[PDB]
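One structure below.
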Amino acid sequence: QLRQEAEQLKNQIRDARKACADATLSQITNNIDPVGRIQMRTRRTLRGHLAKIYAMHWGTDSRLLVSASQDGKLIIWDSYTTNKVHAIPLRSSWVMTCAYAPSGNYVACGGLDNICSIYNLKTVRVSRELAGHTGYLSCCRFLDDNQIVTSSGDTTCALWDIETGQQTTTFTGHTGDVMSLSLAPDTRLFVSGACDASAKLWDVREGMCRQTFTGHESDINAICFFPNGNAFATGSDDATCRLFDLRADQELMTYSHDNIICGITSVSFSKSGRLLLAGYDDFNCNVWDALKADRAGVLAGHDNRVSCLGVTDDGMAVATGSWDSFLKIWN
Amino acid sequence: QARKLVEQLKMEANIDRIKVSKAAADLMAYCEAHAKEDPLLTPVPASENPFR
Amino acid sequence: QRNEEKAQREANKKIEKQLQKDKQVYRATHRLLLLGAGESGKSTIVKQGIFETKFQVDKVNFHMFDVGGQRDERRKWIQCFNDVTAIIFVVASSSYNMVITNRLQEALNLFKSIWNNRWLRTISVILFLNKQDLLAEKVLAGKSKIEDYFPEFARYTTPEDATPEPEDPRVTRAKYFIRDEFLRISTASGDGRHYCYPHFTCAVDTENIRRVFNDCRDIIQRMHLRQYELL
Amino acid sequence: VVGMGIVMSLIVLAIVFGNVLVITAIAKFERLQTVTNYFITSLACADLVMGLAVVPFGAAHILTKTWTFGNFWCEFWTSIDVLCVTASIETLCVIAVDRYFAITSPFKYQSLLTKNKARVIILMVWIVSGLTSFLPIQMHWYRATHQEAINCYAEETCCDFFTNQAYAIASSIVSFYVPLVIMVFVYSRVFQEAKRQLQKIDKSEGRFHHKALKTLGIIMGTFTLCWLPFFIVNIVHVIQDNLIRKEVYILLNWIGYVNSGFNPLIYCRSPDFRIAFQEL
Ligand SMILES: Nc1nc2c(ncn2[C@@H]2O[C@H](COP(=O)(O)OP(=O)(O)OP(=O)(O)O)[C@@H](O)[C@H]2O)c(=O)[nH]1
Ligand SMILES: CN[C@@H]1CCc2c(ccc(O)c2O)[C@H]1O
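Residue numbers (the authors' numbering), protein chains in the order written: chain B, 6 to 128, 133 to 340; chain G, 11 to 62; chain A, 12 to 59, 206 to 257, 263 to 328, 330 to 394; chain R, 33 to 241, 269 to 339.
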């Protein structure tokens with residue numbers, strides 16, 4: 006009946022992909038010279054948080070950044086001179102995410118209270138509270154000065170209107186908790202990796218799912234667009250990373266090693282898209298090669314689990330945070 | 011519920027797909043073209059490095 | 012130029028002065044996590206997204222968290238509570254015949275899952291076996307036998323170190340059988356890093372705050388003793 | 033004398049190596065910087081200064097049987113001896129009291145001990161040790177009165193130790209006797225608490241289911284066996300005339316000396332310290 010009808014389409018989808026596999030990415034990029042050896046050293050260390058850190062977002066100016074911690078603070082730093090600029094106290098001590106507006110006027114926050122809060126930096134006080142989700146917030150990203158996309162643990166995502174606090178549209182289709190999301194460079198599509206080991210490509214204007222990828226074997230923790238915008242990468246807690254192509258609609262390469270068994274908490278790309286930086290549970294960060302899947306560096310300056318990772322817009326520095334309440338700038 | 015899943019899969023089945031070779035070539039071309047302005051790949055002199 | 016350079020250093024000093032003052036309060040308070048089996052009556056104990210309460214006893218601050226806003230079967234948010242003093246687990250001991263596997267089996271499975279967790283590998287559990295009078299009445303009356311649902315209750319005998327307090332010989336056996344059923348799971352998995360503290364609780368009594376205080380004191384004392392290699 | 037120069041050369045290297053390693057590990061790593069590590073660092077610094085500026089000169093003076101640095105350097109060496117011995121024993125008392133406060137009263141321990149209070153305590157301990165050593169000795173209030181003492185003080189080639197009854201008694205009391213009883217009381221209380229906690233654990237889950272004695276035995280026995288006979292004969296040889304020889308005095312003094320080398324093995328047996336040492 007209906008159940009058997011869905012099975013027939015699944016075979017048709019799989020068959021169509023198999024006809025387009027002319028070759029593999031590893032074969033094509035065999036003749037290009039390797040990147041070599043990459044070594045990075047800590048330039049700055051930021052102190053002041055009383056507890057572990059989960060969130061961190063760079064500024065558009067590539068100089069200011071924000072961070073969140075369970076002690077209930079939202080501190081804005083100055084990476085150049087190492088000077089604290091702001092310190093916003095939160096009503097709820099369980100914060101799981103944070104974001105920084107493209108214009109630098111607002112900062113968002115959220116966590117186990119099922120609410121997203123917006124703060125007015127240039128006025133600091135709470136400006137808006139958004140409610141309606143039935144699960145803990147996992148991520149939030151600013152579309153523009155008046156729109157924001159959030160994902161929660163009720164297996165749904167939504168798009169908000171800060172002026173009136175109403176869900177413009179709702180995205181459904183996942184069967185597990187949504188763990189992360191990332192916006193396209195042009196801000197028309199975004200992807201979300203959930204706990205059902207699947208990632209979907211949504212349309213902001215229309216509000217419908219377009220493509221689905223089901224490569225991983227366990228919970229998906231991180232996701233990030235390629236700088237071009239035609240690909241993305243994910244990281245699960247089975248110590249594997251995969252690169253998916255939207256146009257070919259299939260996985261291209263896998264990044265794994267035989268000496269790693271810990272989970273992956275965060276991923277990010279480089280300015281040119283050649284390097285792939287991923288954070289792990291073994292207290293250190295690894296640097297991969299996107300075109301060859303070969304390790305090229307290790308960042309081993311942290312004494313606890315690494316929870317967040319980010320690269321500046323100009324590609325000048327990499328910031329990492331960990332559970333020992335310290336941030337570090339690597340260059 | 012069952013009807014909605016059937017309708018969704020039909021939409022995903024009718025998608026034009028290009029060869030893997032084309033996508034790999036495009037990615038390689040983009041990386042080769044933009045490898046010049048990658049401060050993390052080639053280290054920058056300390057004069058133009060704000061952190062050192 | 013140099014005018015703005017000194018301006019930033021003035022605001023940093025004010026912020027750093029506030030962080031030092033708030034650090035004293037953070038280190039002098041103890042955080043507790045409250046759980047439940049679904050119909051264990053954990054809200055009555057508290058009365059007598207997330208809900209939090211503040212209370213102090215003997216001039217010591219405590220802070221309790223109740224998570225009723227997340228109804229998911231799996232618990233992805235349980236890794237955030239890896240730096241709490243203790244976990245309070247409330248179970249209805251008078252639900253061995255309610256199919257709702264019965265409720266006691268589900269509670270035991272949840273306790274086993276919580277105990278054998280990668281992140282919660284150094285946190286003790288304070289266990290409240292609630293609804294004692296319902297269990298006593300149901301045991302004293304007929305038409306319900308524990309060995310029907312738990313066959314191991316037969317051939318089980320009351321331990322010698324028991325403190326029945328002016330009680331029926333029967334009721335006393337059932338309580339200790341359930342407590343040992345929990346302690347068997349508690350002891351095997353862990354070795355020296357965290358313990359379990361079972362209590363027999365009802366709705367009338369009001370000594371639960373003193374019990375929480377005493378188990379917290381014991382937890383911290385054992386932590387220090389083990390750290391100094393004296394235990 | 034050939035054998036003595038070899039064995040006594042190992043004591044110099046053992047003291048400096050162990051104490052330097054402890055100091056570098058604490059300073060280099062941010063995770064090893066706590067309140068107790070401040071006291072440990074103070075004790076390590078005292079032991080390092082002792083092993084750097086006491087053992088070599090004393091060894092040379094014993095081997096050559098003649099002091100070749102004048103009277104002023106002899107006085108300075110004696111002052112350093114007293115300062116470094118006094119300031120090392122008094123830190124063990126601080127560590128014992130810290131453990132006592134940590135275990136007996138666990139709720140108030142965080143408020144009681146802070147970085148500023150620890151710094152004040154360490155500075156006060158070092159000040160009190162300084163008043164005992166430099167102030168009386170440099171002002172010639174420790175000198176004896178017999179003819180032999182007068183001759184040895186007059187001669188510029190010999191540097192021997194002579195004191196009166198009051199100074200010997202007061203210095204011995206302040207350096208050794210109060211800390212001994214304080215730590216004995218503290219560790220008795222700690223052992224009692226550990227015993228009752230073990231009894232509670234056994235009563236709770238005995239059916240389903269020595270270290271304190273060994274640890275306390277090591278901690279008390281090393282210190283007592285190292286430092287008790289010397290501080291007994293320090294009073295015996297003044298109360299009783301012509302009863303204690305000089306060779307016995309020196310031997311007991313050196314037996315007390317080696318405790319500085321022994322300390323880092325006792326007070327740095329932690330997984331974090333072992334990891335820090337391995338990372339070096
Ligand atoms: N006799 C008795 N009844 C209890 C006891 N605890 C809970 N109850 C029952 O529980 C009812 C009140 O609800 P709560 O105890 O607050 O249960 P709850 O808030 O739903 O707790 P959860 O289901 O775990 O969320 C009362 O009408 C009682 O019948 C108890 O200790 N003794
Ligand atoms: C030269 N050796 C000295 C002699 C007396 C003495 C010592 C140490 C502590 C004291 O309080 C003393 O009075 C010894 O180290």
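Even for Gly, the Cβ is constructed at its ideal location relative to N, Cα and C.
Contacts between A:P321 and chain R, judged by CB atoms closer than 9 angstroms, involve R239 in chain order.
Under the criterion of beta carbons closer than 8 angstroms, R:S41 and R:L75 do not qualify as touching, at roughly 24 angstroms. Counting only Cβ-Cβ distances below 8 angstroms, G:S31 has contacts in chain B at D27, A28 and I33, in chain order. Sequence-distant Cβ neighbours of B:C166 in its own chain, meaning closer than 8 angstroms and more than five residues away, are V158, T159, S160, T179, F180, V187, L190, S201 and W211. Judged by DSSP secondary structure, R:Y219 falls within the alpha helix (DSSP H) whose first and last residues are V210 to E237.
Look at G:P55: its C-beta is not under 8 angstroms from any C-beta on chain B.
In this structure, ligand 2 has a non-hydrogen atom nearer than 7 angstroms to the beta-carbon of R:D113. Taking a contact as a CB-CB distance under 8 angstroms, the pair G:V30 and B:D258 does not count as one, their CB atoms being some 10 angstroms apart. Taking a C-beta distance under 8 angstroms as the contact criterion, B:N110 and B:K127 qualify as a contact pair. Put simply, the backbone Cα of A:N23 is about 13 angstroms away from that of B:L51.
Sorting A:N254, A:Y360 and A:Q12 by C-alpha distance to the C-alpha of A:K305 places A:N254 at the top. Nearest to A:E27 by C-alpha distance, out of B:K89, B:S316 and B:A21, is B:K89.
In this structure, R:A134 has its beta carbon at no less than 7 angstroms from each heavy atom of ligand 2. B:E260 has B:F253 as its beta-bridge partners, per DSSP. B:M217 is classed as exposed because its beta carbon has fewer than 16 other beta carbons within 10 Å across all chains shown. As the crow flies, the alpha-carbon of B:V327 is around 14 angstroms from that of B:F335. Taking each of A:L44, A:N218 and A:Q19 in turn and checking the Cα distance to A:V36, the smallest one comes out for A:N218. With respect to chain A, the C-beta atom of B:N119 has a partner C-beta closer than 8 angstroms. Excluding its 5 nearest sequence neighbours in each direction, R:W99 has C-beta neighbours in its own chain below 7 angstroms: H93, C106, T189, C190 and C191, listed in chain order. When Cβ-Cβ separations below 8 angstroms define contact, R:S143 makes contact with chain A.
A distance criterion of 7 angstroms places the beta-carbon of A:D295 in contact range of ligand 1, judged by its closest non-hydrogen atom. Counting C-beta pairs with one atom in each stretch, the stretch 288–295 of chain B and the stretch 303–310 of chain B have three or more that are closer than 8 angstroms, which means they touch.
Here the alpha carbon of B:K337 sits roughly 6 angstroms from the alpha carbon of B:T329.
For R:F101, the CB stays at least 7 angstroms from every heavy atom of ligand 2. Under the Cβ criterion (8 angstroms, minimum of three pairs), the stretch 167–179 of chain R counts as touching the stretch 195–206 of chain R. From the beta-carbon of A:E27, the residues of chain B found nearer than 8 angstroms are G53 and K89. For B:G144, the CB contacts under 6 angstroms within the same chain, skipping 5 residues up- and downstream, are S161, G162 and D163 in chain order. Exclusion of the five residues before and after R:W109 leaves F89 as the residues of its chain whose Cβ lies within less than 7 angstroms of its Cβ.
Look at A:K233: its C-beta is under 8 angstroms from a C-beta on chain B. In the same chain as B:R134, and ignoring 5 residues on each side of it, the C-beta atoms closer than 8 angstroms to its own belong to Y124, in chain order. Neighbourhood of R:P138 in chain A, by CB distance below 7 angstroms: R380, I383, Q384 and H387, in chain order. Neighbours of R:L230 in chain A, taken as residues at a C-beta separation under 8 angstroms, are given in chain order as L394.
For a Cβ distance threshold of 7 angstroms, residue set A33 of chain G lies close to B:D254, ordered along the chain. Around the C-beta of B:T47, fewer than 16 other C-beta atoms lie within 10 Å, and the residue is accordingly described as exposed. The straight-line gap separating the alpha-carbon atoms of B:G272 and R:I278 is approximately 43 angstroms. Contact between the stretch 10–22 of chain B and the stretch 49–67 of chain B is absent, with fewer than three C-beta pairs closer than 8 angstroms.
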